[PDB]
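Heads up: the sequence shown begins at 1 in the deposited numbering, then just goes up one per residue. We treat Cβ as the ideally placed atom computed from N, Cα and C, and that holds for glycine.
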Amino acid sequence: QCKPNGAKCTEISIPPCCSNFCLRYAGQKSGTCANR
Numbered sequence: 001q002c003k004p005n006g007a008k009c010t011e012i013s014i015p016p017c018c019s020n021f022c023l024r025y026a027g028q029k030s031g032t033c034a035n036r
């Protein structure tokens with residue numbers, strides 16, 4: 001309802017995602033809001 005599914009995450013940026021995930025991990029510099 002708030003997730004874009006197919007977006008990117010970063011150390012300084014993150015999408016809303018109410019059901020999906022944000023791959024803003026400590027070992028990543030470009031994640032992705034997607035469904036689990």
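Cβ-Cβ separation, residue j to residue i (assumed contact under 8 Å), whole Å
i	j	result
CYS33	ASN5	6 Å
Alpha carbon of residue i to alpha carbon of residue j, nearest angstrom
i	j	result
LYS29	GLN1	25 Å
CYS18	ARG36	12 Å
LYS3	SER13	14 Å
Below-8 Å beta-carbon distance, residue i vs any chain D residue
i	result
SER13	Judged by its chain identifiers, the structure shown contains no chain D, having just a single protein chain.
Check whether residue i and residue j have beta carbons under 8 Å apart
i	j	result
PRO15	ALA26	no
Own chain residues within Cβ distance below 8 Å of residue i, not counting five before or after
i	result
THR10	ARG24, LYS29, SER30 and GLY31
Contacts around residue i, its chain only, beta-carbon distance under 6 Å, and the 5 residues preceding and following it disregarded
i	result
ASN20	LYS3, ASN5, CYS33, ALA34 and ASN35
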